[PDB]
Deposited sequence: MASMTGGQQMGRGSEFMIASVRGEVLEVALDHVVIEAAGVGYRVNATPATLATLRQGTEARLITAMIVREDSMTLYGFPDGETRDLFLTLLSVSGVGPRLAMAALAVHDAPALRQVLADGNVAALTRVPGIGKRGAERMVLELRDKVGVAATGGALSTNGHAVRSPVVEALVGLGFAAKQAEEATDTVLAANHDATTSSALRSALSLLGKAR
């Protein structure tokens, strides 16, 4: 029941405008407005071609883009959104204050004081978050087991089947292992 999938996952074009809370990348003829942390905007230079990994949020009366330097960050954004009470604006505020690397450690360390330093986040609030996602921020194995659970399998069920595929083909990809694990799992 975990909410994850949007449509526009990045925008690449010429920077038309760099503001303090967003940017305007022109892809094709369209100027998309993507909001962003100053940290992100910082690297941007009007007149230059640039790409931002974006997350798209559609609501009944809204259709907005949030951009980031890379996928890891964007993904972090989405994660933040999962905590109830934490909305896009909020999440952006936190990242604006604490870059992805920092914000990640802040949570994993359990560092609450750092979080309260972010407007909108109450003492109680900081805790819930750290709880919700301290343990949420070539391997091959953990990648493929991770995915089989999304297709609605179990942890154990998926780990059995995975060791199995690798037990037979060690030098296999993270993809051909997936298909071999599934072609295996549909009996």
{"property": "Deposited positions lacking CA coordinates", "result": "1-10, 148-160, 211-212"}
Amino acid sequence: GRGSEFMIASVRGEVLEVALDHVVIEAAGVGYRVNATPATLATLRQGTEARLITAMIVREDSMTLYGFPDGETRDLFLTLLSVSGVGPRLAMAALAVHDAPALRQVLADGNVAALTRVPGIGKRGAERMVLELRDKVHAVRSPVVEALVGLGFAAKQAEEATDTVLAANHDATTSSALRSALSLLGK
From here on, numbers count along this sequence of modelled residues.
| property | result |
| --- | --- |
| Entry-level comparison of average CA B-factors, 107-115 and 90-98, reporting the higher stretch | 107-115 |
| Selected stretch [higher average CA B-factor]: 44-52 or 141-149 | 141-149 |
| Top Cα B factor in the deposited entry, candidates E26, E160, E60, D70 | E160 |
| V15 - which third its CA temperature factor falls in, relative to the rest of the chain | lowest |
| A168 - Cα temperature factor, lowest/middle/highest third of chain | highest |
| Modelled-residue ranking by C-alpha temperature factor, third containing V34 | lowest |
| CA B-factor ranking of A155, expressed as a third of its chain | highest |
| Modelled-residue ranking by C-alpha temperature factor, third containing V130 | highest |
